[PDB]
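> Top to bottom, those sequences are chains Y and S. Each number in UniProt numbering corresponds to the 1-based position in the first sequence with 101 added. Each number in UniProt numbering corresponds to the 1-based position in the second sequence with 152 added.
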Amino acid sequence: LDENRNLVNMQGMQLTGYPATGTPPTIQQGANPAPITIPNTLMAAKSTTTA
Amino acid sequence: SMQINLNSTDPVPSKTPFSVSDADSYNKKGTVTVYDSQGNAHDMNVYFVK
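Next up, the structure:
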């Protein structure tokens, strides 16, 4: 891991793959691969819709 | 020249009026690079809607 929260191998290269966006996030398979990150930003809540 | 495969059970996109901005407005996106007579690369995107 790295301070930029990139998936970094020993020599500094960043692992590449599909990113995820949304709430809840979903993979954009059609989008070209991008350097994957693991940030520390929290998630927002979703109200109840079924009980 | 470009070759693709398509899904039989793929439905039509939700937002029927086509727009190049939103992903759900189409079914598939592909890219290609074209070179002009000056050495400049342009990106041509093909969009597939069933």
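Note that beta-carbon positions come from the ideal geometry of N, C-alpha and C, so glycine has one too.
I'd like to know whether the C-beta of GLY131 of chain Y is nearer than 8 Å to at least one C-beta of chain S.
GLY131 of chain Y counts as touching chain S.
> Quick test of the definition: if touching needs 3 or more C-beta pairs under 8 Å, does the stretch 137-145 of chain Y touch the stretch 168-184 of chain S?
At 8 Å Cβ cutoff, the stretches do not touch.
> So, are the CB atoms of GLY182 of chain S and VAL201 of chain S less than 8 Å apart?
Contact: no.
> Between which residues of its own chain and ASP174 of chain S is the CB-CB distance below 7 Å, once the five residues before and five after are set aside?
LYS167, listed in sequence order.
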